[PDB]
Amino acid sequence: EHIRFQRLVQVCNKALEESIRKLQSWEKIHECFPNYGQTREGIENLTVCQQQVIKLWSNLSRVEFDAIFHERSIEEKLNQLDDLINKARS
Amino acid sequence: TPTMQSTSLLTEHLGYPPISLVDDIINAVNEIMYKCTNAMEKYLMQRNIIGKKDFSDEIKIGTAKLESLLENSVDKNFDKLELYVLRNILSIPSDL
């Protein structure tokens, strides 16, 4: 019966994953650093670098988005809006 | 479909204008974006010499190009998010 807060959590998570797509592609990270790639250990540094940046991106967005949702009580508010909408159509 | 009437009512229910939530989201992801591109350049610059060549130059321009690519992805995807949220989440159907 409650769907709105879940739509919000899902599309936010969707939007985050889509935004770092071109950072997950080892080909884009290979053409911003063409010469650094050709090097043996430059490859090893680049690959560990994207892992750590993707990690930082996921953990910070996770924590900061949930903080926002709690501060603004959005789950409760969206649950009550679902109730009001469902009650109107009953 | 949006009016000043429906938005004002949703504002009373939320305790704040609907767009303040979207703004917080977008402002948060743009801060995180620049933390990530900044960490990337810091990680690579620490490791800017390999063998005998100095890639300090290619690193700074290369990270500047990836930041521009992320700005465009972030801008594209969260513009979609903004629309969806205001149409399917922070919205009152036509029952009014």
Side-chain angles (χ1 to χ4, degrees), chain A residues 1-34 36-37 42-79 81-82, chain B residues 14 16 18-45 47 59-91:
Chain A
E1 71 302 353
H2 292 159
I3 185 59
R4 273 176 167 75
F5 180 61
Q6 275 188 295
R7 292 189 180 288
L8 178 67
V9 174
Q10 287 296 335
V11 302
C12 282
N13 177 73
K14 181 71 158 66
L16 291 171
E17 292 296 320
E18 292 288 306
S19 288
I20 53 156
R21 278 196 63 176
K22 282 182 286 298
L23 198 138
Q24 299 164 327
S25 68
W26 174 233
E27 294 166 274
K28 293 288 176 185
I29 288 175
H30 186 273
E31 258 302 83
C32 300
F33 310 113
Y36 201 88
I43 298 293
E44 186 63 10
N45 290 342
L46 287 175
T47 181
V48 178
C49 189
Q50 69 169 349
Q51 284 177 339
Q52 292 301 296
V53 174
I54 294 172
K55 186 195 74 180
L56 183 62
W57 169 274
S58 299
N59 293 10
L60 292 181
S61 65
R62 273 207 296 259
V63 177
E64 297 284 354
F65 277 30
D66 273 328
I68 293 171
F69 294 162
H70 283 118
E71 294 160 9
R72 299 210 177 268
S73 186
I74 186 62
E75 184 169 20
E76 183 195 64
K77 300 294 183 169
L78 285 179
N79 286 344
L81 176 62
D82 286 329
Chain B
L14 293 167
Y16 48 85
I19 195 72
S20 290
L21 175 68
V22 181
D23 288 349
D24 283 15
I25 288 172
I26 294 168
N27 292 335
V29 63
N30 278 271
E31 175 184 352
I32 294 167
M33 180 180 63
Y34 292 114
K35 283 177 168 292
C36 287
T37 61
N38 179 73
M40 170 176 65
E41 181 175 335
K42 242 158 159 166
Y43 186 91
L44 296 175
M45 281 294 293
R47 305 157 171 83
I59 288 168
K60 278 192 286 296
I61 67 96
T63 58
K65 292 298 190 186
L66 198 72
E67 184 184 279
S68 183
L69 288 180
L70 285 180
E71 291 170 332
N72 296 331
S73 294
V74 171
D75 287 352
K76 180 176 70 180
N77 294 286
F78 279 83
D79 280 326
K80 298 177 181 180
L81 183 147
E82 176 172 18
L83 268 165
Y84 181 90
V85 170
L86 295 172
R87 299 163 58 254
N88 312 272
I89 301 172
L90 294 173
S91 177

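For the numbers below, each heavy atom of this structure counts, side chains included, while hydrogens, waters and symmetry mates do not. Each chain gets a letter, A, B and so on, in the order its sequence line appears, and its residues count up from 1.
- Counting only heavy atoms from C-beta outward, the side chains of B/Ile19 and B/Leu86 approach each other to under 4.5 Å.
- Residues that satisfy the side-chain hydrogen bond (donor to acceptor under 3.5 Å, both in side chains) test with A/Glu76, not counting sequence neighbours, are A/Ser73.
- Looking at heavy atoms from C-beta onward, B/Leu90 lies in side-chain contact with A/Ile74 at the 4.5 angstrom threshold.
- Legend: residues meeting side chain to side chain contact (heavy atoms under 4.5 Å, CB included) with A/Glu64, ordered by chain and number and at least two apart, are B/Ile32.
- Scored by the side chain to side chain contact (heavy atoms under 4.5 Å, CB included) test, A/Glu31 finds A/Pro34 as partners (sequence neighbours excluded).
- Atom-to-atom distance recorded for B/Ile61:CD1 and B/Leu66:CG is 11.0 Å, nearest 0.5 angstrom.
- Sequence neighbours left out, not one pair with a member in residues 23-44 of chain B passes ring pair (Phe, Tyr, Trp, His ring centres under 6.0 Å).
- Screening residues 21-41 of chain B for salt bridge (charged side-chain N to carboxylate O under 4.0 Å, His left out) gives A/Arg72-B/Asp24 as the qualifying pairs, with residues at least two apart or on separate chains.
- With A/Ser61 contributing its side chain and A/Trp57 its backbone, the two residues share a donor-acceptor pair below 3.5 Å.
- Counting heavy atoms from C-beta on, the side chains of A/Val11 and B/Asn88 never come closer than 4.5 Å.
- With rounding to the nearest 0.5 Å, the separation of OG in B/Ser68 from CG in B/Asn72 is 5.0 Å.
- Annotation: ring-ring contact (aromatic ring centres under 6.0 Å, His included) contacts of A/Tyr36 (sequence neighbours excluded): B/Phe55.
- To the nearest 0.5 Å, atoms CZ (A/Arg21) and CG (B/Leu70) are separated by 13.5 Å.
- Checked against side-chain hydrogen bond (donor to acceptor under 3.5 Å, both in side chains), A/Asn59 has the following partners two or more places apart in sequence or in another chain: A/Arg62.
- Here salt bridge (charged side-chain N to carboxylate O under 4.0 Å, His left out) pairs that include residues 1-17 of chain A, with residues two or more places apart or in two chains, are A/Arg4-A/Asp82, A/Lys14-A/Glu18.
- The side chain to side chain contact (heavy atoms under 4.5 Å, CB included) check on A/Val9 picks up A/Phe5, A/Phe69, with sequence neighbours excluded.
- For A/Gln52, the side-chain hydrogen bond (donor to acceptor under 3.5 Å, both in side chains) partners are A/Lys55, not counting sequence neighbours.
- Expressed to the nearest 0.5 Å, how far CD1 of A/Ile29 lies from CD of A/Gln50 amounts to 4.0 Å.
- A/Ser25 contributes atom OG, which lies 11.0 Å from atom CD1 of A/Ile20 (distance to the nearest 0.5 angstrom).
- The closest side-chain heavy-atom distance from B/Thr37 to B/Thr63 is not below 4.5 Å.
- We find the CD1-CG distance between B/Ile25 and A/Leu8 to be 5.5 Å, quoted to the nearest 0.5 Å.
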Given side-chain contact (heavy atoms from CB on, under 4.5 Å), test B/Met45 with B/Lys60 step by step and report yes or no.
CA-CA 8 Å; B/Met45 281 294 293; B/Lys60 278 192 286 296; 3.9 Å; yes
Donor-acceptor list for residues 73-82 of chain B side chains, cut-off 3.5 Å, not counting sequence neighbours:
from    : atom 1 : to      : atom 2 : distance (Å)
B/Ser73 : OG     : A/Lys22 : NZ     : 2.6
B/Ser73 : OG     : B/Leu69 : O      : 3.3
B/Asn77 : ND2    : A/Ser19 : OG     : 3.3
B/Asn77 : ND2    : B/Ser73 : O      : 2.5

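- A search for side chain to side chain contact (heavy atoms under 4.5 Å, CB included) contacts involving B/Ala28 returns A/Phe65, A/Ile68, not counting sequence neighbours.
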